[PDB]
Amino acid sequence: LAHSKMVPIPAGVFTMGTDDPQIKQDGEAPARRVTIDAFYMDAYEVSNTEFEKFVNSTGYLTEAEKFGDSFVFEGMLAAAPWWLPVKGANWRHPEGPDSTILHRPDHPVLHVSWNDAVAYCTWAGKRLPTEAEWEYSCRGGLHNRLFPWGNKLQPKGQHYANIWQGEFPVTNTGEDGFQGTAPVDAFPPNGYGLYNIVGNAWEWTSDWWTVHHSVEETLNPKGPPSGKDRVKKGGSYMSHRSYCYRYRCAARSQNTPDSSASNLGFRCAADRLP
């Protein structure tokens, strides 16, 4: 296993956002041309095993451990009735105190805040990606497509990401092979070598959140200089067309940096190889 491996994301110009927004309130529009310098992106979401190496090295206590709770989705035992703040839910205990990660070492780490993610990435000689870097990487060398692989959800009749099937939130059929998370190396890679960039765990980025974007061309944009919420991308194993249609590269959402939940993780980036 090489679950901390990085891939080179080539220099290029891409269209960020879309002029056909599907969730207009999230500022998916307008489409804008962004230039990104070559850099490196983690192939995989950070796994439990990789996060444990960080904790073993540093002794780091995550914010959820310090606060004493984190958000867990009801269907696997708030902003919605299906989100419960559970005492003792944290990265080692993803559904609460009597859950464990022993049987899912290769699944993405969860219940990690933006600060937790920045601590890990920096420990590793890396950083969080910007939203623009993230989206560029998600798109995997294709222009103006819904998903990393194209516009069809199940190309060639194959599942390409871990999201929800069935009637959310009552019934997840597990048609794609996973009710909760999947290993970080599950499903096909995109054109750049990235796994689970949409679906599985949501992913933190470095940017502060705004929904107000200029159409102006930009170079290595960092997002606005201030804010209250940081940007997350890509959707999760909970996402579905019917309620949280955010397993698209253009999609975007946000949380306060001290937030944590059972569907939110991250991957790192770096200017050069560490």
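Numbers for residues come from their place in the sequence shown, where the first is 1.
Missing coordinates between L77 and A78 amount to 10 or more residues of the deposited sequence.
Between the stretches 230-238 and 59-67, it is 59-67 that shows the larger average CA temperature factor. Of the two segments examined, 164-172 and 112-120, it is 164-172 that shows the higher average Cα temperature factor in the deposited entry. Residue-level inspection of the entry shows that, of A43, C244, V46, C249, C244 has the top Cα B-factor. Among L84, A201, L128, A132, the highest C-alpha B-factor in the deposited entry belongs to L84. Ranked by C-alpha B-factor against the other modelled residues of its chain, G157 falls in the middle third. Ranked against the other modelled residues of its chain, the C-alpha B-factor of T18 as given in the entry falls in the highest third. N263: CA B factor lies in the lowest third for its chain, per the PDB record. For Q179, the recorded CA temperature factor ranks within the middle third of the chain's modelled residues. Per-chain ranking of the deposited C-alpha B factor places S137 in the lowest third.
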